[PDB]
Amino acid sequence: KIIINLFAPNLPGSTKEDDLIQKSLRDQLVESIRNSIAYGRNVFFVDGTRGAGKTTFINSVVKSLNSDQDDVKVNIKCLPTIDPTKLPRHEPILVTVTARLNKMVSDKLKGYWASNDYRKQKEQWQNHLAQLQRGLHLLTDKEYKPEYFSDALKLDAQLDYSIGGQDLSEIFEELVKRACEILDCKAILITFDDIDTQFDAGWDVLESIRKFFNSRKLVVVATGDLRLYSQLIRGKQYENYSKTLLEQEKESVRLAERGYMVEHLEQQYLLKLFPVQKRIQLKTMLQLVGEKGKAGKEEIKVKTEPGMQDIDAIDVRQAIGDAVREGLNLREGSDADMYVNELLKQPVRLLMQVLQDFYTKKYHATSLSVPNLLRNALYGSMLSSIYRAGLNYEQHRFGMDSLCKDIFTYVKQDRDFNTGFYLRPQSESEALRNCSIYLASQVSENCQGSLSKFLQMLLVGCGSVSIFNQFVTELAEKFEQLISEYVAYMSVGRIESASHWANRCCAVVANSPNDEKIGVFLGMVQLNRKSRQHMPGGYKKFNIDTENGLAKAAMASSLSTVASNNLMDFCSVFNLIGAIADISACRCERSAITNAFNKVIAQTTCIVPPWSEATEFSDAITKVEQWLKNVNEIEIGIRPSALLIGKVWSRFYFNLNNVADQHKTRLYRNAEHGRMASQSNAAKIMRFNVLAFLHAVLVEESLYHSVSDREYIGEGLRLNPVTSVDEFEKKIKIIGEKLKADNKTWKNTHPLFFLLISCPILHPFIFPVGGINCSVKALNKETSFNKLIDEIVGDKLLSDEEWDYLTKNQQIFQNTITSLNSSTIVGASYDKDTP
Amino acid sequence: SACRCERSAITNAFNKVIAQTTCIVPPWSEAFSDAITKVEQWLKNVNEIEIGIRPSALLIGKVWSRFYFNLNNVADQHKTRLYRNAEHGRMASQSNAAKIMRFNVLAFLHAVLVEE
Ligand SMILES: Nc1ncnc2c1ncn2[C@@H]1O[C@H](COP(=O)(O)OP(=O)(O)OP(=O)(O)O)[C@@H](O)[C@H]1O
């Protein structure tokens, strides 16, 4: 039963019983210490990294040994713990030990009453101390005076030392023996604190232990890190090599053999001092409480509130679980517990300061933004790792712009361009591992409570590194110059708008001239700006004026042109998504919504990246204004994570790869008004580009969104819709009834998909006139698809007569695209027809 | 091979291994309801048998070595046996994609079998 009170100071000095994390080792060491005496140098080493609690451990060992020392068969007196870092820089350790030993002895003489025995054993003690003072210069001398030879040849004493000469260890050995007689103890414990704070001063501890602490009446307990003593020992065996030899034999053959010798003298210097059978490894908090399935060797509980009852105290893994899950907006499972495990493997001081800072402000805040509490808690603890890894550190500049830059500068060092945006604690280095949980808190804090910041992190944050894992990585110091150019061109960290990112993102996927020269790309299709001959069928140069209402608005938000030797023109889904990320940010006023469609269309000049060789429109605004009304009351309960945004991009990116190549072929002569799956056109590619985003959001919303604990897709193969709709239709059908079963609505369980499926900007792209897979029986799926969508959003996207025109083989369309199918894709050969 | 052999978790874990996994090229590049049921008793046997598994470092290394070399021969001898007609056929002189992957799987079973 171990309970840690977070509102207590929780310091190594101010830690009483009943909260010792190391209670199994404290008892195990003490009995093993007593066993050694009850049965030669006797040194116990308590291993452990920095912040493990080594000072707190020995502090408990002395407390558990000084109690009932005379009430047990083997009496062991303990000196106060010696801290090698806090001692005077030049004070010998033997001086410190003797000074602390003299105080213990003198205090015992003042407890005696028989003056005959008091005076008999005080003359001996003063004689031994005076003899130690006489020979103390042997340590603090830079030369050997010839007149000291008389001291070695003096025998004017009754000691009758075994070996001749003024051996200081011999003088100290009987000094300890005299002290044991006075204190009436069978041994004396010399506890040495760790040297981790300043480890160059721990050499005197090592040399003193092996020289003067060899007696059977001395028990030495020294803690620290063997990884740190090894560097101290190795650097001192190198000082035994003459400087001239090192300078004259700098070549590898003899240099390597010397290094083999030093590591082979270091190895046995540790084995001589701290024997393996006596070392004790301090267990980190993960090894105590254990995992969910593995039995917890101990039971650690945390008092997360002031005045909390002992029964009320909650388990530490649950306490970390609450902070990690709510702080990162993350749901119970492998991903949430992967962060919790990493926080447990942290040094105890670092972990106990994350919890202390998080739960102190959490309680104080109520007297909420839990992700903000964890962001500040992790910022302070992982600050040394943030500085090392080069992440943003100023707190007045925290925001979306200063976060997407951090995600790019993190995966660049992590080298995980495929899954780095997940921000999982997987990096081998501890600095990048520490930043991963801090960055995850940053993403779960900024994007929380707003849909606009979710899409900016999706495109600018997660996307920018994927648009680097391809289309920029083939060009690769040159790599650091490529990074410098790429982030300056795309202006990540200072983006003007999400749409502005998409237009630059259009060029990089365009300034990489793909094979077959077809102007069909990942999530973007090129369209001709000029008219020529040789165009069969109804294919024609794209004209924006053909579309009406939302149809004109939807393309205007999607069209993006880049200035080059010739003005390329593109229709991307990133521009469509970036437009949504811009409308959501602004207010519900009509004036601001109008500018969103008109931020890029006719006032931007997207020069190619340097790494290249060369009214009814008011009705459209009304629908967007109505949708923005929904966003401002639904997005307040959104809980996006760094995992969800990373996952949603991953599926959305994978689909855009499938639809890119699976439609690079089906661009045949009769593809206009495509009705079979073997014919595709600009209305087909863009329909599944948009439907890819609506699916990636849909499938991994229920999978990973923290608002709904349960899973509503159920168990099955989560195939994604490419050139088809049944894959999307299968999942959207089966989700609907489960919420009715659980008495939950579509908006309070999948707020992200509900908002994006009800966005009028992408509504014309869901059912383009050109893009409809009205097969003999697949049209029933789309008929169900339209019915499901019309019920999710609450409004009929297309009227009964409007739907019949798309399926059955004039009409004006104010809600669906019209001229996209007739558009001519650059680099497409319109000579081969569908067979 | 997961823990607790939970009929739902085994189903949940089975859908992960069959889900399509897409990955990008490395930077150093120049370019079933009754199916889950049959898995249940397999984990019933695994949890009551794997306790006795005593895999050495040499065992794991050696089994791979036979496993690594066999797939070299399979990818080399069948590298030219993709003829025009009847690769499924009747004899071993011709090879198809269903027997390149048959001997690749059989190589793993053999390498485990022979050197265990
Ligand atoms: N038994 C314990 N109970 C409560 N908190 C503990 C305990 N052990 C360690 N801690 C926490 O971990 C921190 C580290 O303690 P400690 O000073 O012993 O570590 P150290 O870094 O190994 O030692 P040093 O201060 O000598 O460098 C403490 O300040 C405290 O916050």
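Every residue, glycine as well, gets a Cβ built from its backbone with ideal geometry; the counts of neighbours run over all protein chains shown. Quick note: the coordinates plus some simple rules give every number you see, no bench work behind them.
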Criterion (within 16 Å of the ligand (Cβ to nearest atom) and either within 14 Å of chain B (Cβ to nearest Cβ) or among the small types (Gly, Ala, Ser) (or both)) met by exactly one of A:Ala179, A:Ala222: A:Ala222
Qualifying positions in the stretch A:700-723 - surrounded by fewer than 24 Cβ atoms within 10 Å (Cβ to Cβ) and not in a loop (DSSP other than H, G, I, E, B): A:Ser702, A:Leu703, A:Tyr704
Pair list, Cβ < 6 Å and 6+ apart or interchain, from the stretch A:46-67 residues that are among the acidic types (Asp, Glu) to residues that are away from the ligand (no atom under 12 Å from the Cβ): A:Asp47/A:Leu226; A:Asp47/A:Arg279; A:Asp47/A:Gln281
Selected residue (only one of A:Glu326, A:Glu305 is closer than 27 Å to A:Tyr379 by Cα and under 24 Å from the mean Cα position of the chain (by Cα)): A:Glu326
Any chance A:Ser381 is in contact with an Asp or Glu (Cβ under 9 Å, 6 or more places away or on another chain) and either acidic (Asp, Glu) or within 16 Å of the ligand (Cβ to nearest atom) (or both): yes
Residue satisfying all of: in the stretch A:445-470; crowded, with 21+ Cβ neighbours inside 10 Å and in a loop (DSSP other than H, G, I, E, B); farthest from the other protein chains (Cβ to nearest Cβ) among these: A:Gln448
Complete set of residues in the stretch B:1-58 that are within 11 Å of chain A (Cβ to nearest Cβ), farther than 30 Å from A:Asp416 by Cα and among the charged types (D, E, K, R): B:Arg4, B:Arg7
Odd one out for A:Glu727, checked against (1) within 14 Å of chain B (Cβ to nearest Cβ); (2) touching a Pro at 6+ places or on another chain (Cβ under 8 Å); (3) buried (at least 23 other Cβ atoms within 10 Å of the Cβ): (3)
Wholly enclosed helices (runs of 4 or more DSSP H) of the stretch A:579-694 bearing at least 1 residues within 31 Å of the chain's Cα centre (by Cα) and surrounded by fewer than 22 Cβ atoms within 10 Å (Cβ to Cβ): A:617-634, A:642-662
Failed item in (1) in contact with a strand residue (DSSP E or B) (Cβ under 6 Å, 6 or more places away or on another chain); (2) assigned to a helix (DSSP H, G or I), with A:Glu239 passing the rest: (1)
Any pair with Cβ under 9 angstrom, 6 or more apart, that starts in the stretch A:322-341 at a residue that is over 18 Å from A:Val443 (Cβ atoms) and ends at one that is crowded, with 21+ Cβ neighbours inside 10 Å and among the polar types (S, T, N, Q): A:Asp322/A:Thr304
